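Remarks on the structure that follows.
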2 protein chains.
Amino acid sequence: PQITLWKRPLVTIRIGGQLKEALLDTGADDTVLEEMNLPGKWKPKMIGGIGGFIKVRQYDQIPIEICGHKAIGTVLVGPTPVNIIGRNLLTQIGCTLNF
Amino acid sequence: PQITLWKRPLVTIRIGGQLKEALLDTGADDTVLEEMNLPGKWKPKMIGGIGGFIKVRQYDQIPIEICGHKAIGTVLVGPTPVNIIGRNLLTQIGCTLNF
Ligand SMILES: CNC(=O)CCC(=O)N[C@@H](Cc1ccccc1)[C@H](O)CN(CC1CC1)S(=O)(=O)c1cccc(OC)c1
């Protein structure tokens, strides 16, 4: 799709069999989801945003379907204000900015 | 132009007499610039993201040029680690997400 920006670019994602709403976030390097359970190994990590740093759990090689497009990559889980899809997965689904 | 997301979507912007590098950020409702002593009236504001909140100064109707496209609107100024062009200005320069 072409998505305009007068509204938040919120899309439905499917991950671990569950449907969630998430924000397409070109200002995010990484994909960060609110507290949830995911299967398999994870590693502690820290990431920075506008207000400082948080601790997250890094899950590698996780499939997510983002607005009908498949990605498999790194998903960070922690106290983000909202589920965000970052550039690591935006690139996988062929997302560009255009003006 | 079309901007891929392999790297951060940083572009040159102009505000006041200063050229700066700024992120084209679909995940940002607002435009948030690094500390700078702009003229005019402002109002205090708090904005929140990963890590928590920062205190900013809200300046209204500030002209900004983003990649040679003219925009004018609200700019938040404060101790952000990166200059952020948010949706309030991205719409003005005709920016969309496409995949
Ligand atoms: C590994 N770190 C990252 O991927 C950064 C994630 C991130 O927080 N991105 C943000 C931009 C940023 C901030 C600080 C440094 C670098 C980029 C993000 O794209 C925009 N952020 C909101 C997203 C939910 C997090 S935000 O910067 O916090 C923001 C901007 C404008 C208005 C806001 O609230 C009204 C909030």
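Bear in mind that the values in this text are calculations on the coordinates, not laboratory data. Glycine also receives a Cβ, built like all others from the backbone with ideal geometry; neighbour counts cover every protein chain displayed.
Counting Cβ atoms of other protein chains within 10 Å of each Cβ in A:79-86 and taking the mean gives 3.
Per-residue ellipticity at 222 nm, computed for chain A from helices alone with -39500 (n - 2.57) per DSSP H run of at least four residues, works out to -500 deg cm²/dmol. Take each residue in A:43-52, count the other chain C-beta atoms within 10 Å of its C-beta, and the mean is 5.
Given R0 = 25 Å, the distance between the Cβ atoms of A:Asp60 and B:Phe53 translates into a calculated FRET efficiency of 0.25.
Sorting the segments A:36-43, B:84-91 by their mean number of nearby beta carbons within 10 angstrom, highest to lowest, gives B:84-91, A:36-43.
Within chain A, DSSP assigns beta bridges of which about 85% are antiparallel (rounded to the nearest 5).
For the pair A:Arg14 and B:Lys7, label points projected 7 Å from Cα toward Cβ lie 3.6 nm apart.
Taking GluC sites (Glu not before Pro) across region B:7-39, the ones in a DSSP loop with at most 16 further Cβ atoms lying within 10 angstrom of their Cβ are B:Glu34, B:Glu35. Counting, for every residue in A:58-68, the Cβ atoms of other protein chains within 10 Å of its Cβ and taking the mean gives 0. Modelled spin labels at B:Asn98 and A:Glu34, positioned 7 Å past Cα toward Cβ, are 3.3 nm from each other.
With a Cα cut-off of under 24 Å and a minimum spacing of 8 residues unless on different chains, the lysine pairs in region A:1-92 number 12.
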